[PDB]
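Taking it in order: structure first as C-alpha cells, then the write-up.
Numbered from 1 within each chain, the chains take letters A, B, ... in sequence-line order. In what follows, every heavy atom counts, from backbone to side chain, and hydrogens, waters and symmetry copies are set aside.
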There are 2 protein chains.
Amino acid sequence: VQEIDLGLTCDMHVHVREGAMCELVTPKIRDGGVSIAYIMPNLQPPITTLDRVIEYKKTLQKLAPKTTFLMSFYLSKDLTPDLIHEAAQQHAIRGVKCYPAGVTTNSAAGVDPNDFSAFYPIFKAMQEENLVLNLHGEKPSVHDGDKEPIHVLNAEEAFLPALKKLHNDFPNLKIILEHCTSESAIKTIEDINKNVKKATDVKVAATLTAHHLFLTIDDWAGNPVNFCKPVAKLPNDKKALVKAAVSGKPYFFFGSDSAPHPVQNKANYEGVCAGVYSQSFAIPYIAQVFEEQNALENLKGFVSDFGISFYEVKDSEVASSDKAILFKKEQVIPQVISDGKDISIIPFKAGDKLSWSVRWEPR
Amino acid sequence: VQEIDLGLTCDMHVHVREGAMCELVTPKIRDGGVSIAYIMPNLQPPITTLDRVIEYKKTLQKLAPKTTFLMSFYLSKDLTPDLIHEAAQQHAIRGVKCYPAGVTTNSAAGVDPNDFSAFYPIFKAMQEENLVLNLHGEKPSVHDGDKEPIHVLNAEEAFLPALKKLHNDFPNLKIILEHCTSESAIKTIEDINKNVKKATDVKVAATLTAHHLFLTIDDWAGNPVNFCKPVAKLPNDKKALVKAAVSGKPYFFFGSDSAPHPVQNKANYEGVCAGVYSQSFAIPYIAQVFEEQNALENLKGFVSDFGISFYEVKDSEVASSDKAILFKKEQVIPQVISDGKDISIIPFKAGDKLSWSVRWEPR
Ligand SMILES: [Zn+2]
Ligand SMILES: [Zn+2]
Ligand SMILES: [Zn+2]
Ligand SMILES: [Zn+2]
C-alpha cells in the first residue's frame, strides 16, 4: 500500500533501563510507532519490590504520557506468592520474566532452568491471577566433558523441554517464549498450538524481534553491534523466523527486545554487552520485512492484534487512543542516537534506508 | 616430564605485520619458543614482488638474528609464472598463500576460489619449483536466495571440494590447508592421506593453531579478542582438532596463525579485526594441550619434526642451531603486551597460568 492503519500497536519486549538512558529511550517507544510496551525488569538491581515497580512506571509515564506501560517482576527467590497477589490486585504488573543465570544482561541474579520447582509457588499465584510468564529460553552453557554440550547456538533448543514441562504443569498459565531464534523453537510452538483456531485459545506464544528477522551469524561475527542474546543463528533459522512472523498465526507476535547500550559498552575487546537497539524505528523495521515478503496484510496482526489479544489489553488501560499510521516515505537511519550529553547509541541498521515511516492520528 | 628437548621448533603460520608492530612481535617468535617461522604475506599492500619479499626478510633477520624465516608470496593476479621461477631460483620464497577475497584480514586483493583455474599456470610453476601452496580454505559467504548458503560456520566445509580438486589436478604439488577449525576438514585431510605412514609421503597437510585447541564459539561470541578467521566452532569441532594435534600423524603440524592487532582494532562496535595473538607463549600453549591429553611424547613431532619434513627445511637454511627446551616451570600470561609507546596487544589467554616454560640451549 502507501499508508496502513495499524491501530494500537504492540511491542511486548522493551528495555528502557534507568537514568539518563531511560530519559533518552522511553520517548522513542512512541517515536518508533509503538502505543503499548511491555517493560522488562532486569535493572541493577532487578525490579522485585512493589514500590520500585510502581515508581518505575510513574517515571516512565512522566517521560511518555501517551504510552501504555505494562510492567513485570524479575523472577527471583526474593519474590513471594504474597507479593504476586498483592501486585496483580493493584494491577501493578502484568507478568513475571525469567532470566536463566549468566545467559544475558543483568541475569547474574537469575535462576537455574534445571530446577524450576522452587518457583512453582510463584507460578501457582501467577496462574490464578492470569499473569504472563515470560521466558528467556536458553540453558546456561556447559563445559564439563560428560553431559552433552550447551553453547550459544543450541542453548535455545536445549531449553525447549523445560518450556514444555512448564506448560504441562501450569496449563492455564500464559507463557511466552521470548525472542525465538531457532527453527526448532518455531516448530515446538506450532506443535503446542496445533489445534488452535481463533486465537483466544493460545496459551503459549512466542515473540519475534525485528533484528532476528534480518540477522544471521555472519552479521554479528565481527560486529558487536549485532551481537545479542539469543544470538542470531543460521540462514535456515532466519527463514523459519520470517515465515513465522508473516504467518498470520495468533501465537507469534512482535517483541523488539530493544536493548539499549552506550556505544562504549559495545566497543569492548571482551565482555561486549549483548543487545540491539531497535526502538527508534521499531515498526518501520518490521514493515520492511513484511513488504519484502509480500505479506503486508498480516502486519497488523503481528504488531497489534495478536499481542493485544494474548495480553488481553482492554481499552480502559490504553493511555492514548491515537492510531499508528505507517506510510511509504523513505527515511535514512542515522549513524548514532545521542542525548547530547553522555549517551550515544548505535541503532540497528545504522545508515540504511527504510522505505516506511510512522506517524500518529487520533481515534 | 620436567624438561623436554623439542629441538628446532617450527611455527609454519606467522603474521608479524610491519613497522612498530613488527619490531614488537618478531623477537617474540624466539621468546615463545619457535626457531623456524613461515611468514605470511597479507601486508598492506600484499607481498607480490621479489624486491619486497627480499627486503621484508632482511628487516626480519635484523630484528631476530637467531630466527629462521621462510617467506611467501600472496596469491594474486599480479603474479606470473616467470616471477614464481625467479623467486624460487633466488631462494626468496618457499610458498604462495591463497586468501579468498573478503574472508579475512587484508584479503580484499585475494582470489575467487570458484575460478582457481585462472591460477593454474602459477600452480604449475610452483609444482616445478617444489613450492608450497598454502590455503586459507574458506569460501566467501553467500546468503543468496538461490542455492545452499555459505556462512562463517560452514565456509571451511564448503571449501573442501576445492581443496580436493586442487590436489587431484596437481598431485605432486605440496598443499597445506591452513588452520583447520572443523571436524569435517580433519576427516578430509585424513582421507586424502589414507595410505600414508611416515611422512615424506605427505603431499597435503594441515596446520593447527594454538587457540583453536582451546576456543569454541562461546569464547568469542561476546569477546572480540578471541575472534579470528576461520572462527572457532562447536565443541565437537574443537575435540576433533585436539585429537588431530596429538595424533602423531605426519600431516598435522603446528601453525600458530598468531595474528597481532593493537587493542583499539579489537575494541570496535563494528569491523572487529580478526586475529588472536599467540606468539609470546606459542610452545607453552601447545604443551598444555599435549599434557592434558597425556600425549607429551607426540609434542616434538607436531611442533618440530613434521613441519621440517614437509617444508624440507635443511640445515644450511637454519639461522641458529639453538634447541628449544620445554621445562615445567609455571608462569602467568600478562594482561597486555606493549612496546611502551603506541602498541598494546592482548595475548591469547591473558591472565591465565601456564604449567610450562621454554628456554634455549645453544648447541
Ligand atoms: Zn532475553
Ligand atoms: Zn530482553
Ligand atoms: Zn587465514
Ligand atoms: Zn593467517
Next on the checklist: Angle between ring planes, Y99(B) versus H15(B), binned at 30° and 60°: parallel, tilted or perpendicular?
Outcome noted: tilted

Next on the checklist: Can you classify the ring geometry of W220(A) versus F227(A) as parallel (below 30°), tilted (30 to 60°) or perpendicular (above 60°)?
Outcome noted: tilted

Next on the checklist: Less than 4.5 Å apart, side chain to side chain, heavy atoms only: is that true for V16(B) and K28(B)?
Outcome noted: no

Next on the checklist: Exactly one of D257(B), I286(B), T181(B) should register a side chain to side chain contact (heavy atoms under 4.5 Å, CB included) with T209(B). Which one does?
Outcome noted: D257(B)

Item to check | Audit row: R52(B), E55(B), salt bridge (charged side-chain N to carboxylate O under 4.0 Å, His left out) steps and yes/no | outcome: CA-CA 5 Å; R52(B) 294 292 97 184; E55(B) 284 301 305; 5.2 Å; no

Item to check | Donor + acceptor pair across side chains of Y74(B), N106(B) (<3.5 Å) | outcome: no

Next on the checklist: For the backbone of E330(B) and the side chain of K353(B), can you confirm whether one donor and one acceptor N or O come within less than 3.5 Å of each other?
Outcome noted: no

Item to check | Side chain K266(B), main chain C273(B), donor-acceptor under 3.5 Å | outcome: yes

Item to check | Aromatic plane relationship, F170(B) with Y120(B) - under 30° parallel, 30 to 60° tilted, over 60° perpendicular | outcome: perpendicular

Item to check | Trace of the salt bridge (charged side-chain N to carboxylate O under 4.0 Å, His left out) decision for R94(B) with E317(B) | outcome: CA-CA 12 Å; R94(B) 273 183 146 294; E317(B) 314 170 67; 3.0 Å; yes

Next on the checklist: Do the side chains of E361(B) and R359(B) get close enough for a salt bridge, i.e. N-O under 4.0 angstrom?
Outcome noted: yes

Checklist entry - Side chains of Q293(B) and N298(B): is there a donor and an acceptor less than 3.5 Å apart? => result no

Next on the checklist: With heavy-atom distances below 4.5 Å as the criterion, would you say the side chains of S256(B) and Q279(B) are in contact?
Outcome noted: yes

Item to check | Mutual orientation of the aromatic rings belonging to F302(B) and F254(B) [parallel < 30°, tilted 30-60°, perpendicular > 60°] | outcome: tilted

Item to check | Criterion side chain to side chain donor-acceptor pair (under 3.5 Å) against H136(B), the qualifying member of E178(B), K229(B), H179(B) | outcome: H179(B)

Next on the checklist: Checking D322(B) now: which residues fulfil side-chain hydrogen bond (donor to acceptor under 3.5 Å, both in side chains) with it, not counting sequence neighbours?
Outcome noted: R30(B), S320(B)

Checklist entry - Are any of the side-chain heavy atoms of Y311(B) and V132(B) separated by less than 4.5 Å? => result yes

Checklist entry - Just by distance, with hydrogens left out, do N226(B) and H211(B) show a side-chain donor and acceptor under 3.5 Å apart? => result no

